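Next up is one chain by itself, shown in structure tokens, the form deposited in one PDB entry.
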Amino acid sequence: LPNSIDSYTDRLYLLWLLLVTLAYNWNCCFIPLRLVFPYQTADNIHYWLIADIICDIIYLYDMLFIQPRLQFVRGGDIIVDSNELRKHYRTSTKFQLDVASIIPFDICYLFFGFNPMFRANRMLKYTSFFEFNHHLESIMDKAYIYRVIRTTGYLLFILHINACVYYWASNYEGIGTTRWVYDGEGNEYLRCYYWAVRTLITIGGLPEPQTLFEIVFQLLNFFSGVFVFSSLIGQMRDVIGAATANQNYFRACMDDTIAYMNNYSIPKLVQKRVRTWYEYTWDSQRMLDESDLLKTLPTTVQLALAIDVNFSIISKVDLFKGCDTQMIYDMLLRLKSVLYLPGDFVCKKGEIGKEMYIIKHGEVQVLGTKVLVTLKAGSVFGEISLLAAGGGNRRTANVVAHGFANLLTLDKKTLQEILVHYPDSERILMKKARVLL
């Protein structure tokens, strides 16, 4: 246990929130059960007291030695000083619920006997369970599995509370008095949980209620079960839609492109090339267009995620050793990513030159049909459109993509736009172009 816990990178703090969640789940799952069922017998009462003391000691350790150690951000910078952390926890709205949970209402154990309705204030510490839910849902890589498991747990908990309320109604009317109430022949929690399932899922088939309390109970339970079943439908639909949102949007765009290409009667080879492009884009990037994601980010994180991805590819070019950092940064923020199918033409001979190609995880060939040099990933081609303004010079070789090349395009207008602002970079680039010529 250190002086200050960071509460983002601490799996020890996540395990402590797991222990407070297990204490809170013990209290929520076993206060109505011990309150209603006769499972708090004179033999097992020492085990219930042992686990209740373990749960209250976990609550008190949370209130005294972990929650006053939380590193929190105030005024931009983080706070490490321990008395300021203690003051921030004492002036919080977590502490009112924690001190509202930890009052010894178990001093009424000697006044009105043993009753687990006096421990019902321990069900006020829901904020530690929700903090554990957010922490596990934000450290897991597949959060839809935990959201499905948590909705299943909420459904089983509502059925557990309904089984406890049904056994209370059975013991209030009299066990075995009418035909609606619990008869009392098998496992009491199992038959009451079966009644809770068959009522709150609105299945029916149970005996019909006889007197007015039973009709009111069955009415309110079926009415709340309609809304629980509707909320379960909506929550499973929500986790289905949030789990496959990217793949469903990609499949929708691929289906719209296929529907357009079949509406306008586009030939088989062009339709196969578009479908092969879509298949390789999903198998490579797992997204449709990465600029649609990247242009929602701020400029400095766009610059960081551009420099960390593309700087080894740019600096491994031996022609870019004399350039400057700001021009390379504006380059990396103005590099557009394309993709070329095998056998495609990136630079046809004699055409107008307008793009600078940084090949990134591909393999292209230069050409007639004879190969001269097979350019691997990281290399460059397109230095003849570095100098030409307007028409100027043309492409001097047929450049073809051997594999699924993923070029990085730099337009000639943007390259000349940044180059006329940095004449030192223009000088070294024109001298390397001159020794190429």
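Residue numbers here begin at 1 and follow the sequence given. Under this definition, the rigid core comprises the largest set of C-alpha atoms superposing within 1.5 Å between the forms.
Missing here is the form deposited in another entry; even so, the following discussion is about that form.
Shift analysis on the rigid core between the shown form and the other one singles out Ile266 from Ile266, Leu136, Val197, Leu155 (C-alpha displacement of 2 Å or more). The Cα position of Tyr13 differs by less than 2 Å between the shown form and the other one after fitting on the rigid core. Core-aligned CA deviation for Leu386 between the shown form and the other one: 2 Å or greater. A movement of the C-alpha atom of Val317 reaching 2 angstroms or beyond is seen between the shown form and the other one when the two forms are aligned on their rigid core.
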